[PDB]
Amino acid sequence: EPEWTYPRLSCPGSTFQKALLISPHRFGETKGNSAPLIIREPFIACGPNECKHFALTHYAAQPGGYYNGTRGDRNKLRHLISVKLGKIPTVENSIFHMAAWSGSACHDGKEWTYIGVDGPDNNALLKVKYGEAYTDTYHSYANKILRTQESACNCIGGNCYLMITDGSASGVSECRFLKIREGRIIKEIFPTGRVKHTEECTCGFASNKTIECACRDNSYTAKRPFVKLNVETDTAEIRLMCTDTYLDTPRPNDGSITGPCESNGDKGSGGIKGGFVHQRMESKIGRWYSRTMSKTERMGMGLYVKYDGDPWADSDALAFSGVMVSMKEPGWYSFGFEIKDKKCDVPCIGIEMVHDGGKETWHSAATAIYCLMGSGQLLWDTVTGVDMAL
(Lines of atoms letter the chains of each structure in order from A and count residues from 1; the text may use other names and numbers.)
(Lines give C-alpha, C1' and ligand atoms only; values in the text may rest on other atoms or scores of the structure.)
Protein backbone atom coordinates (compact mmCIF):
# COMPACT_ATOMS: atom_id res chain seq x y z
CA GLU A 1 0.00 0.00 0.00
CA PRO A 2 2.22 2.86 -1.33
CA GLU A 3 2.31 6.04 0.75
CA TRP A 4 2.98 9.69 -0.07
CA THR A 5 6.57 10.77 -0.32
CA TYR A 6 8.14 13.38 1.99
CA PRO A 7 11.65 14.89 1.91
CA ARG A 8 13.86 12.98 4.35
CA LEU A 9 17.13 13.88 6.07
CA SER A 10 20.01 13.70 3.62
CA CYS A 11 22.50 10.85 3.84
CA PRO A 12 25.92 11.49 5.47
CA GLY A 13 28.77 12.96 3.49
CA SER A 14 30.56 16.22 2.93
CA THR A 15 31.68 16.17 -0.66
CA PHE A 16 30.42 15.37 -4.14
CA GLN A 17 32.12 12.86 -6.43
CA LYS A 18 31.79 11.84 -10.06
CA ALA A 19 29.09 9.20 -10.19
CA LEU A 20 27.97 8.46 -13.71
CA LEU A 21 28.38 9.59 -17.32
CA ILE A 22 25.53 9.08 -19.83
CA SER A 23 27.08 9.80 -23.24
CA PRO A 24 24.80 8.37 -25.99
CA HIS A 25 26.76 9.81 -28.93
CA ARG A 26 29.81 7.78 -28.01
CA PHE A 27 27.84 5.24 -30.06
CA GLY A 28 26.47 7.43 -32.85
CA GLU A 29 29.17 7.14 -35.52
CA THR A 30 28.51 6.24 -39.15
CA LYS A 31 30.96 3.34 -38.58
CA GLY A 32 28.62 2.10 -35.81
CA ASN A 33 25.24 0.38 -35.45
CA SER A 34 23.46 2.37 -32.73
CA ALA A 35 20.73 4.97 -32.70
CA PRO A 36 21.14 7.42 -29.81
CA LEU A 37 18.38 10.02 -29.73
CA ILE A 38 19.11 13.66 -30.42
CA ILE A 39 18.17 15.51 -27.22
CA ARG A 40 18.68 18.58 -25.10
CA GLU A 41 17.65 19.77 -21.62
CA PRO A 42 18.05 16.53 -19.71
CA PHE A 43 17.04 16.13 -16.08
CA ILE A 44 16.61 13.33 -13.58
CA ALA A 45 13.81 12.51 -11.15
CA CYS A 46 13.67 9.59 -8.80
CA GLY A 47 10.82 7.71 -7.17
CA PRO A 48 10.98 5.21 -4.34
CA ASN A 49 12.14 2.36 -6.64
CA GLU A 50 13.56 3.86 -9.81
CA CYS A 51 15.53 6.76 -11.23
CA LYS A 52 14.39 8.21 -14.54
CA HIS A 53 16.51 10.11 -16.99
CA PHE A 54 14.37 12.65 -18.87
CA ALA A 55 15.06 14.68 -21.99
CA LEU A 56 13.47 16.67 -24.78
CA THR A 57 14.15 14.85 -28.02
CA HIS A 58 14.04 16.30 -31.53
CA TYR A 59 12.57 12.96 -32.65
CA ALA A 60 15.66 12.10 -34.65
CA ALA A 61 18.61 9.80 -34.07
CA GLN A 62 22.32 9.96 -34.82
CA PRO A 63 23.34 8.92 -37.33
CA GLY A 64 20.31 10.03 -39.32
CA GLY A 65 18.95 12.46 -41.86
CA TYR A 66 16.98 14.93 -39.74
CA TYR A 67 19.77 17.06 -38.19
CA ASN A 68 18.45 20.23 -39.73
CA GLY A 69 16.51 21.98 -36.98
CA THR A 70 18.04 20.13 -34.05
CA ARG A 71 19.69 23.42 -32.94
CA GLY A 72 16.26 24.97 -32.60
CA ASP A 73 14.30 25.26 -29.37
CA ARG A 74 10.69 24.58 -30.32
CA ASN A 75 8.82 22.67 -33.03
CA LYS A 76 5.91 20.28 -33.46
CA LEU A 77 8.18 17.23 -33.14
CA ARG A 78 9.79 17.61 -29.73
CA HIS A 79 8.73 15.07 -27.14
CA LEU A 80 9.50 14.47 -23.48
CA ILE A 81 11.26 11.08 -23.29
CA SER A 82 12.82 8.97 -20.57
CA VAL A 83 14.91 5.88 -19.87
CA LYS A 84 15.76 4.23 -16.58
CA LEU A 85 18.89 6.06 -15.36
CA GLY A 86 21.91 4.04 -16.42
CA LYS A 87 20.50 3.12 -19.81
CA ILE A 88 21.66 4.69 -23.07
CA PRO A 89 18.66 6.73 -24.37
CA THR A 90 18.33 5.24 -27.85
CA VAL A 91 15.44 4.97 -30.27
CA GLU A 92 14.60 1.52 -28.81
CA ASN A 93 15.37 2.03 -25.09
CA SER A 94 13.43 5.28 -24.74
CA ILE A 95 9.78 5.86 -24.07
CA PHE A 96 7.88 8.83 -25.44
CA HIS A 97 5.69 10.46 -22.79
CA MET A 98 4.14 13.42 -24.58
CA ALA A 99 4.66 16.19 -27.08
CA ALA A 100 6.67 18.90 -25.36
CA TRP A 101 9.34 21.50 -26.02
CA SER A 102 9.54 22.23 -22.30
CA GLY A 103 9.11 19.76 -19.47
CA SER A 104 9.28 18.45 -15.92
CA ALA A 105 8.39 15.34 -13.93
CA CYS A 106 8.19 14.03 -10.39
CA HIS A 107 7.10 11.08 -8.31
CA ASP A 108 4.72 11.57 -5.39
CA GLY A 109 5.27 8.17 -3.80
CA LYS A 110 2.36 6.59 -5.67
CA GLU A 111 2.62 7.65 -9.28
CA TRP A 112 4.69 9.62 -11.84
CA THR A 113 3.54 13.07 -12.89
CA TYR A 114 4.78 14.19 -16.29
CA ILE A 115 4.62 17.74 -17.46
CA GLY A 116 5.01 19.05 -20.97
CA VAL A 117 4.53 22.36 -22.69
CA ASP A 118 3.81 22.63 -26.39
CA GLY A 119 1.86 24.76 -28.88
CA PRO A 120 2.46 28.07 -30.69
CA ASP A 121 4.75 30.58 -28.96
CA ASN A 122 1.95 33.10 -28.48
CA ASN A 123 -0.43 30.57 -26.98
CA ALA A 124 1.43 27.59 -25.55
CA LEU A 125 -0.07 24.91 -23.34
CA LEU A 126 1.08 23.17 -20.16
CA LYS A 127 -0.08 19.53 -20.15
CA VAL A 128 -0.22 17.26 -17.12
CA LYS A 129 0.03 13.50 -17.38
CA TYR A 130 -0.52 11.28 -14.30
CA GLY A 131 0.65 7.74 -15.01
CA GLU A 132 -0.80 6.87 -18.46
CA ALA A 133 -3.56 9.46 -18.27
CA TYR A 134 -3.62 13.08 -19.47
CA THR A 135 -5.32 14.92 -16.62
CA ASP A 136 -5.06 18.71 -16.81
CA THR A 137 -3.77 21.72 -18.70
CA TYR A 138 -2.83 25.32 -18.00
CA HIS A 139 -2.92 28.15 -20.53
CA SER A 140 -0.48 30.87 -21.49
CA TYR A 141 -1.17 33.97 -19.43
CA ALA A 142 1.26 36.42 -21.08
CA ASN A 143 1.18 34.92 -24.59
CA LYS A 144 4.99 34.82 -24.77
CA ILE A 145 6.22 31.21 -24.73
CA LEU A 146 4.68 29.68 -21.64
CA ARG A 147 7.42 27.46 -20.21
CA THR A 148 8.46 25.39 -17.23
CA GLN A 149 11.41 24.18 -15.16
CA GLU A 150 13.35 21.70 -17.34
CA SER A 151 13.97 19.79 -14.10
CA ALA A 152 12.18 17.69 -11.48
CA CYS A 153 9.14 19.10 -9.75
CA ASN A 154 8.72 18.43 -6.07
CA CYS A 155 6.15 16.45 -4.15
CA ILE A 156 5.26 16.40 -0.50
CA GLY A 157 2.27 14.50 0.93
CA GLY A 158 0.80 14.10 -2.54
CA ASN A 159 1.10 17.75 -3.48
CA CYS A 160 3.47 18.54 -6.30
CA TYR A 161 4.77 22.07 -6.85
CA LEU A 162 5.90 23.32 -10.21
CA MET A 163 7.36 26.59 -11.44
CA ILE A 164 6.00 27.94 -14.71
CA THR A 165 6.70 31.21 -16.41
CA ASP A 166 5.44 33.23 -19.34
CA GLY A 167 6.81 36.41 -20.89
CA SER A 168 9.54 37.87 -23.06
CA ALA A 169 13.01 36.44 -22.67
CA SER A 170 14.44 39.95 -22.87
CA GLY A 171 11.86 41.62 -20.65
CA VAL A 172 9.31 40.66 -18.01
CA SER A 173 8.59 37.03 -17.12
CA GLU A 174 6.56 36.85 -13.90
CA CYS A 175 6.58 33.19 -12.93
CA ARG A 176 3.82 31.27 -11.16
CA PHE A 177 3.69 28.12 -9.13
CA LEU A 178 1.19 25.36 -9.71
CA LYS A 179 0.09 23.03 -6.96
CA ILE A 180 -0.74 19.74 -8.61
CA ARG A 181 -2.34 16.78 -6.87
CA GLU A 182 -2.88 13.43 -8.54
CA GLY A 183 -2.38 15.10 -11.90
CA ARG A 184 -4.84 17.92 -11.26
CA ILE A 185 -4.00 21.56 -10.69
CA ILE A 186 -5.63 22.53 -7.43
CA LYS A 187 -4.07 25.94 -6.78
CA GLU A 188 -2.14 28.74 -8.48
CA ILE A 189 0.49 30.44 -6.32
CA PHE A 190 1.55 34.01 -7.19
CA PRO A 191 4.94 34.89 -5.68
CA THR A 192 5.68 38.26 -4.13
CA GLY A 193 8.86 40.30 -4.00
CA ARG A 194 11.32 40.49 -6.86
CA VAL A 195 9.19 39.02 -9.63
CA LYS A 196 10.49 40.93 -12.69
CA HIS A 197 12.00 37.88 -14.42
CA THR A 198 12.15 34.32 -13.15
CA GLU A 199 12.50 31.19 -15.26
CA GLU A 200 13.89 27.64 -15.39
CA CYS A 201 13.87 27.29 -11.63
CA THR A 202 15.82 24.44 -10.08
CA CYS A 203 13.82 23.51 -6.97
CA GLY A 204 14.19 21.32 -3.91
CA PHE A 205 13.08 20.85 -0.35
CA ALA A 206 15.01 22.75 2.33
CA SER A 207 12.58 21.12 4.77
CA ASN A 208 9.03 19.84 5.20
CA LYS A 209 7.81 23.44 5.35
CA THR A 210 9.85 25.08 2.55
CA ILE A 211 10.76 24.61 -1.10
CA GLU A 212 13.70 26.63 -2.40
CA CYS A 213 14.50 27.43 -6.02
CA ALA A 214 17.49 28.93 -7.75
CA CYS A 215 16.36 30.34 -11.07
CA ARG A 216 17.39 32.22 -14.17
CA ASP A 217 16.97 35.86 -15.07
CA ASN A 218 17.61 35.98 -18.81
CA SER A 219 17.06 39.70 -18.94
CA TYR A 220 18.29 41.89 -16.06
CA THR A 221 20.97 40.23 -13.94
CA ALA A 222 23.61 37.55 -13.52
CA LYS A 223 22.35 37.05 -9.97
CA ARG A 224 19.94 34.12 -9.72
CA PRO A 225 16.42 34.85 -8.55
CA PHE A 226 15.95 32.71 -5.47
CA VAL A 227 12.46 31.50 -4.51
CA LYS A 228 11.29 30.53 -1.05
CA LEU A 229 7.99 28.64 -1.12
CA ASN A 230 6.10 27.97 2.09
CA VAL A 231 4.40 24.64 1.49
CA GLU A 232 2.16 24.93 4.57
CA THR A 233 0.67 28.32 3.65
CA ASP A 234 1.16 27.96 -0.15
CA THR A 235 2.92 31.34 -0.36
CA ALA A 236 6.10 32.19 -2.23
CA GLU A 237 8.52 35.10 -2.22
CA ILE A 238 11.37 35.92 -4.62
CA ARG A 239 14.65 37.79 -4.06
CA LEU A 240 17.98 37.74 -5.90
CA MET A 241 20.75 35.63 -4.34
CA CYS A 242 23.14 37.98 -2.63
CA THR A 243 26.34 35.94 -2.89
CA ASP A 244 29.35 37.51 -4.58
CA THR A 245 29.59 34.24 -6.49
CA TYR A 246 27.17 35.05 -9.32
CA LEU A 247 25.82 31.77 -10.69
CA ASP A 248 24.49 32.86 -14.06
CA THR A 249 26.30 32.77 -17.41
CA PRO A 250 27.17 35.35 -18.63
CA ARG A 251 28.28 37.20 -15.47
CA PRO A 252 30.66 40.03 -14.50
CA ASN A 253 33.53 39.43 -12.06
CA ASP A 254 32.41 38.07 -8.67
CA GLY A 255 31.63 40.79 -6.12
CA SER A 256 31.67 43.53 -8.78
CA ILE A 257 27.94 44.31 -8.73
CA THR A 258 27.76 47.33 -6.49
CA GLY A 259 24.88 48.61 -4.41
CA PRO A 260 22.45 46.68 -2.19
CA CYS A 261 21.66 42.98 -2.60
CA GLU A 262 18.81 43.75 -5.02
CA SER A 263 21.06 45.53 -7.53
CA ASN A 264 20.94 43.95 -10.98
CA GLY A 265 24.35 45.08 -12.28
CA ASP A 266 25.91 44.39 -15.70
CA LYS A 267 26.12 41.37 -18.06
CA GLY A 268 22.61 40.48 -16.93
CA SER A 269 21.22 39.74 -20.36
CA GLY A 270 21.23 36.07 -21.30
CA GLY A 271 21.47 33.22 -18.83
CA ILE A 272 21.54 29.52 -18.15
CA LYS A 273 19.71 27.01 -15.99
CA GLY A 274 21.83 26.26 -12.93
CA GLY A 275 22.18 23.24 -10.69
CA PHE A 276 21.02 23.61 -7.10
CA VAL A 277 20.32 20.89 -4.52
CA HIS A 278 19.81 20.70 -0.74
CA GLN A 279 21.69 18.75 1.88
CA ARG A 280 19.30 18.39 4.80
CA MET A 281 20.92 17.68 8.14
CA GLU A 282 19.46 17.66 11.64
CA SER A 283 20.30 21.29 12.29
CA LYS A 284 22.12 22.50 9.16
CA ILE A 285 20.92 22.99 5.63
CA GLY A 286 23.60 22.61 2.97
CA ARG A 287 23.15 24.34 -0.37
CA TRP A 288 25.09 23.06 -3.35
CA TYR A 289 25.30 24.96 -6.64
CA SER A 290 26.93 24.74 -10.05
CA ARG A 291 28.05 27.36 -12.57
CA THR A 292 30.10 27.32 -15.77
CA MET A 293 33.85 27.71 -15.56
CA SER A 294 33.82 30.47 -18.17
CA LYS A 295 32.17 33.78 -17.32
CA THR A 296 30.65 34.17 -20.78
CA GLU A 297 30.61 30.79 -22.51
CA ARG A 298 28.91 27.53 -21.76
CA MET A 299 32.26 25.92 -21.01
CA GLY A 300 33.20 24.02 -17.86
CA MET A 301 31.23 23.44 -14.69
CA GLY A 302 32.23 24.06 -11.10
CA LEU A 303 30.66 22.96 -7.84
CA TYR A 304 29.99 25.34 -4.93
CA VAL A 305 28.58 24.90 -1.45
CA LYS A 306 27.39 26.98 1.46
CA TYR A 307 26.00 25.70 4.73
CA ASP A 308 23.16 27.58 6.45
CA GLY A 309 22.41 31.25 6.12
CA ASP A 310 19.93 33.36 4.21
CA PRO A 311 20.71 33.23 0.48
CA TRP A 312 18.81 36.50 0.21
CA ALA A 313 21.17 38.26 2.61
CA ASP A 314 24.63 36.64 2.69
CA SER A 315 27.03 38.33 0.29
CA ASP A 316 29.85 35.91 1.16
CA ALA A 317 31.37 34.00 -1.73
CA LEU A 318 30.21 30.41 -2.03
CA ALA A 319 32.85 27.79 -1.21
CA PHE A 320 34.41 26.37 -4.35
CA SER A 321 34.11 22.60 -4.07
CA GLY A 322 35.77 21.42 -7.26
CA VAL A 323 35.80 21.21 -11.05
CA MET A 324 33.14 18.86 -12.41
CA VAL A 325 33.69 19.74 -16.05
CA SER A 326 36.93 21.23 -17.34
CA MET A 327 36.93 24.61 -19.13
CA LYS A 328 37.94 22.67 -22.27
CA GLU A 329 34.59 20.78 -22.22
CA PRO A 330 30.97 21.92 -22.74
CA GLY A 331 29.01 22.91 -19.66
CA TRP A 332 25.43 23.89 -20.35
CA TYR A 333 22.33 23.18 -18.27
CA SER A 334 22.65 21.74 -14.80
CA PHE A 335 20.03 20.55 -12.35
CA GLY A 336 19.64 19.07 -8.91
CA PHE A 337 17.83 15.87 -8.02
CA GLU A 338 17.73 13.37 -5.15
CA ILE A 339 18.13 9.59 -5.08
CA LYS A 340 16.17 7.71 -2.43
CA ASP A 341 18.35 5.47 -0.29
CA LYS A 342 16.63 3.09 2.14
CA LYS A 343 16.30 5.59 4.98
CA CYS A 344 17.62 8.87 3.64
CA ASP A 345 18.01 10.98 0.50
CA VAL A 346 21.14 11.39 -1.63
CA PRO A 347 21.57 14.86 -3.17
CA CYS A 348 22.96 15.07 -6.71
CA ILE A 349 23.76 17.47 -9.48
CA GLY A 350 23.40 16.60 -13.13
CA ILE A 351 25.17 18.46 -15.90
CA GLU A 352 24.11 18.84 -19.54
CA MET A 353 27.12 18.60 -21.85
CA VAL A 354 26.02 19.76 -25.29
CA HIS A 355 27.79 18.63 -28.45
CA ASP A 356 27.67 21.85 -30.43
CA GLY A 357 29.07 22.06 -33.93
CA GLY A 358 26.76 24.73 -35.31
CA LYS A 359 23.56 24.65 -37.35
CA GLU A 360 25.27 22.72 -40.14
CA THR A 361 25.43 19.48 -38.17
CA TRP A 362 23.62 17.56 -35.45
CA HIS A 363 23.06 19.17 -32.04
CA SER A 364 22.69 17.11 -28.88
CA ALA A 365 23.86 16.43 -25.30
CA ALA A 366 25.49 14.08 -22.85
CA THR A 367 24.68 14.00 -19.13
CA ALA A 368 27.14 13.87 -16.26
CA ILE A 369 26.19 13.11 -12.67
CA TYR A 370 27.81 14.13 -9.39
CA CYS A 371 26.46 13.01 -6.04
CA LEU A 372 27.08 13.58 -2.36
CA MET A 373 29.23 10.67 -1.21
CA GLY A 374 31.75 10.27 1.59
CA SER A 375 34.12 12.97 2.74
CA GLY A 376 37.20 14.79 1.50
CA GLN A 377 37.40 16.72 -1.76
CA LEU A 378 35.96 16.31 -5.26
CA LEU A 379 38.43 14.22 -7.23
CA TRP A 380 37.67 13.90 -10.96
CA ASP A 381 36.20 15.84 -13.83
CA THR A 382 34.06 14.48 -16.65
CA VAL A 383 34.75 14.47 -20.34
CA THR A 384 32.20 13.62 -22.97
CA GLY A 385 34.55 11.53 -25.14
CA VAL A 386 32.73 12.47 -28.33
CA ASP A 387 34.28 13.51 -31.64
CA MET A 388 31.45 15.16 -33.61
CA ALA A 389 33.13 14.49 -36.97
CA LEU A 390 32.47 10.71 -36.73
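All residue numbers are counted from 1 along the displayed sequence.
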| query | finding |
| --- | --- |
| Given 262-270 and 73-81, the range whose Cα B-factors average higher in the PDB entry | 262-270 |
| Highest-ranked of 94, 102, 168, 137 once sorted by CA temperature factor in the record | 168 |
| Most elevated Cα B-factor in the entry, residues 328, 31, 53, 26 | 31 |
| CA B-factor ranking of residue 62, expressed as a third of its chain | middle |
| B-factor third for the C-alpha atom of residue 40 within its chain | lowest |
| Residue 334, C-alpha B-factor rank within chain (lowest, middle or highest third) | lowest |
| Residue 356, C-alpha B-factor rank within chain (lowest, middle or highest third) | highest |
| Third of chain Cα B-factors occupied by residue 184 | middle |
